[PDB]
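A.B. asks: Below: the sequence, then the experimentally determined structure.
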Amino acid sequence: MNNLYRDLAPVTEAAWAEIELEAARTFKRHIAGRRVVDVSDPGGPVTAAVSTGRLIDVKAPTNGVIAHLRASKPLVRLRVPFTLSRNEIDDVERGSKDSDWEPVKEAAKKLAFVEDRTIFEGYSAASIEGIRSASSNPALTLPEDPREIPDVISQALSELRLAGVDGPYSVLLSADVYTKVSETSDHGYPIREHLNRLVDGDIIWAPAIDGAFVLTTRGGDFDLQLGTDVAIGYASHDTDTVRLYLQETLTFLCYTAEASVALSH
Amino acid sequence: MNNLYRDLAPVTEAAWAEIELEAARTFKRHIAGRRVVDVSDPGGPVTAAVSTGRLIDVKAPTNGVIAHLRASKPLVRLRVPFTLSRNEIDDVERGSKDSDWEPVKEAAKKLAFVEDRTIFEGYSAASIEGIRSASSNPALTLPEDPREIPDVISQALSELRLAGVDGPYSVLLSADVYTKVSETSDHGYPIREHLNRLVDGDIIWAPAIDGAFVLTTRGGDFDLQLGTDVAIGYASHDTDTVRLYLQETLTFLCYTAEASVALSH
Amino acid sequence: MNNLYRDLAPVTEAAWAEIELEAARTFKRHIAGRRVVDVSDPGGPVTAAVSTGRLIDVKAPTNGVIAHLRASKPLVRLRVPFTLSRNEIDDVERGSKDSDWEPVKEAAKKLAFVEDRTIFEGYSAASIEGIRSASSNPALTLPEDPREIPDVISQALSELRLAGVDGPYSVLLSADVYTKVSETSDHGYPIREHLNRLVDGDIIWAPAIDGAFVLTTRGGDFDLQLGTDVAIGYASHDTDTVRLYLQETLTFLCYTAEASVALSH
């Protein structure tokens, strides 16, 4: 067995298939970051750091010796525990199709939110700079009126053009901004369609982020490194409940500072 | 023979083909529910209940015995009788093509209305909860002005997005609402086209329901179980008329509470 | 894995084989009901109800609609927990052949007693009518003197003959009555042999029932429906003991009211 200790969990095979399906579905729906960044293959469990290729000056060991430390970025392992009713698990073999997988959905939504907020806003404790912090283009303010959203977005499209950047540009919106441009309409279309006319990429719902992000998806600018992708593991169990977790280990690198514009309220 | 007792009816083969065609045509046109829900294969005449896979605590038979009843949902058989003129039946072999099949059309419309109102509004006596009652998303009020319909519908599309749900969304409208958004026009299109721009599913005419329903058609959320599909059976006859019926047996299950938004006036 | 969670139990393979053998042996010995009734194949875990083929009038959904609920009988799941010493389990691999399987035997005897008392005396909470309650033939009183038992039994054989019934008749006795007709002797034979001369079926020891039952085993009159047959499942464990259970899910149907005579004290 492995670190998931999956065979020790009192979960049947059919219940496991339903839990895997629910977690994978809810996660994909709430991920916006993997649609725009380069996603590496999983390095594996032993992978601990990503080389940046830079060098750090250290106090010379002896006379005439020049020493340099190799720089690297550590992976962070992110774990979201959740708790399942054993009655709901037992219902699945009897043929129930409405078993309560709400904790699985909440854990997948929380893991997806962490991953997206780590990619776009950073996680300083894990030495990850967000796309918002690593952007060299000027930051823009989103207006209160949703009918004035496409104007400011177009100004962001000016900045990537002034930065000398090609590629399909894509706009990612926070859930508040996505709702505002979805529910306001002008001439038989919502403002989301007006945003769709400005770019050759995609208007992407990004419920974890704040503000908005416009960026190129030409490739090679944004890199998500995975040691291991999302997995479900077993912690402990009692007569009534099974404690499990969702787990993934990653770091994020931004190679190109001028490939994005961040917007705030 | 079977329970339809079809060979006992004084109906010719050509008249039978015309009656089957008229009933099938009028039924499909008035069904909205089967276009969005999962429809099972017919179980057969012996099928009486659908297992839910849940358990019900019952008073222990003896000491040290733990007993549980298996929960299930009963099928309901729905029968709509109708009456045909025997002169109209006799006209068909002579080559008439305008035989009065209005009772067949009224029976098919009434059966379709029952089935759709059972799926969407429930039938408590048959222990069927409607989609409106089983929805966990908040209910919305449809405005008086049809030009304000697409706005509220978009708010419903917000709620399924806040519920974490994917899939093609589809909007079903009552006949009053469908007429209102069909006959009011803005900038060379009716409001029905404005609704069509908001979703990747279909604006569906649903004359049996009240209000409106927005829901995902990704699959596995809404399940119509059929023991036997719509069939035409023979009851009795006299010199002038033949009494027949339309008959179908079914139950409806909603597995996913957050996959729909109901709207009312 | 399944709902038994059998691989999670700290029970060795040899100990499992001994427990299965002990439970199966003790159960068969104490079952009288399966020797006389028709026993279906196991439906499976998803099976929840048995269709009776009857219809129940419900309040018409709308005008001109005739609705009927399909009638059915729910299965009941019967679980008898029991507790095993882990020292006795560990003794089996070392080669012990006297490991204490008394709790297994008591659980099998209790499960067999429940099943037989459910078949013959009913379980109202599970909507099961017993053979005694569903019999239309008159009930008889068993006399105090065992030498007068064969007389009354013969009167029961009159009643099935007056009911117009063929087939091998079989007599099932309670443990008190079986002991009384076993230990009293007349002319070199016990009274049990005198009972054996009256029928072409079998004198059957039925320790769970009260009184006596005489009935035909021609087939098609008494039907035991099994979703799942007797299985051993794992609940929980500590350093000293393993909690397991015996479990079976069933219902019982009596199709023929006049195929049996019940006797009481």
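C.D. replies: Received the coordinates, thanks. Numbering: from 1, shown residues only, chains lettered A, B, ... in the order given.

A.B. asks: Touching, residue A:255 and residue A:218? I think so.
C.D. replies: No: contact criterion Cβ atoms under 8 Å: residue A:255 and residue A:218 do not qualify, at 12.0 Å. For every residue, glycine as well, the C-beta is placed using N, CA and C.

A.B. asks: and the closest residue to chain C within chain A, what does it touch?
C.D. replies: Nearest to chain C in chain A, going by Cβ to the nearest Cβ, is residue A:95, at a distance of 3.5 Å. Residues near residue A:95 by Cβ atoms under 8 Å, 6 or more residues apart in numbering or on different chains: B:51-53, C:45-46, C:48.

A.B. asks: and with 10 Å instead?
C.D. replies: A:14, B:50-54, B:70, C:44-48 (Cβ atoms under 10 Å, 6 or more residues apart in numbering or on different chains).

A.B. asks: Give the ChimeraX command for selecting the buried subset of those.
C.D. replies: Buried members of those, defined by 16 or more other Cβ atoms under 10 Å in any protein chain shown, are picked up in ChimeraX with:
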select /A:14 /B:50,51,52,53,54,70 /C:45,47,48
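
A.B. asks: Just give me the neighbour total for residue A:85.
C.D. replies: Other residues near residue A:85 come to 15 when the count uses other Cβ atoms under 10 Å in any protein chain shown.

A.B. asks: which residues sit in contact with residue A:86?
C.D. replies: By Cβ under 10 Å, 6+ apart, the residues touching residue A:86 are A:10-11, A:15, A:237-242, C:5.

A.B. asks: Please repeat the previous calculation with a cut-off of 7 Å.
C.D. replies: Taking Cβ atoms under 7 Å, 6 or more residues apart in numbering or on different chains, we find residue A:86 in contact with A:10, A:240-242.

A.B. asks: Equivalent analysis for residue A:214, please.
C.D. replies: A:153, A:156-157, A:160, A:169, A:171, A:260-261.

A.B. asks: quick one: it and chain B, what's the gap?
C.D. replies: For residue A:214, the distance to chain B equals 21 Å [Cβ to the nearest Cβ, to the nearest Å].

A.B. asks: Tell me how far that residue lies from residue A:168.
C.D. replies: Separation of residue A:214 from residue A:168 (Cβ to Cβ, to the nearest Å): 11 Å.

A.B. asks: quick one: strands adjacent to the host helix or strand of residue A:79?
C.D. replies: Under the criterion of DSSP states H and E, residue A:79 resides in strand A:76-85. According to DSSP bridges, strand A:76-85 has the following sheet partners: strand A:241-254 (antiparallel).

A.B. asks: Beyond the strand it pairs with, next helix or strand please.
C.D. replies: Next along the chain after strand A:241-254, taking DSSP H and E as the criterion, comes strand A:260-264.

A.B. asks: Can you give me the buried ones in that next one?
C.D. replies: A:260-263.

A.B. asks: likewise stretch A:187-207?
C.D. replies: Residues A:190-196, A:198-199, A:201-207 are the ones in stretch A:187-207 that count as buried (16+ other Cβ under 10 Å).

A.B. asks: Residue of chain A nearest chain B, please.
C.D. replies: For chain A, Cβ to the nearest Cβ, closest residue to chain B: residue A:96, 2.9 Å.

A.B. asks: Parallel or antiparallel, list what pairs with the longest strand seen in chain A.
C.D. replies: Ranked by residue count, the top strand of chain A under DSSP state E comes out as strand A:222-237. Neighbouring strands of strand A:222-237 in its sheet, by DSSP bridges, are strand A:38-39 (parallel), strand A:241-254 (antiparallel).

A.B. asks: what are the ranges of the helices in chain A?
C.D. replies: Applying DSSP state H to chain A gives helices spanning A:13-30, A:86-93, A:102-121, A:131-134, A:149-162, A:175-183, A:191-198.

A.B. asks: Just put those helices in TSV and tack on distance to residue B:90.
C.D. replies: Formatted as TSV, those follow (distance: least, Cβ to Cβ, whole Å):
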stretch	distance to residue B:90
helix A:13-30	58
helix A:86-93	57
helix A:102-121	62
helix A:131-134	79
helix A:149-162	69
helix A:175-183	60
helix A:191-198	59
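
A.B. asks: Can you pull up the most central residue in chain A?
C.D. replies: residue A:116 (2.7 Å; Cα atoms, centre = their mean).

A.B. asks: The residue nearest to that one when sequence neighbours are not counted: what's it in contact with?
C.D. replies: Nearest residue to residue A:116, sequence neighbours excluded (Cβ to Cβ, 6 or more residues apart in numbering or on different chains): residue A:208, at 3.8 Å. Residues counted as contacts of residue A:208 (Cβ under 7 Å, 6+ apart) are A:112-113, A:116-117.
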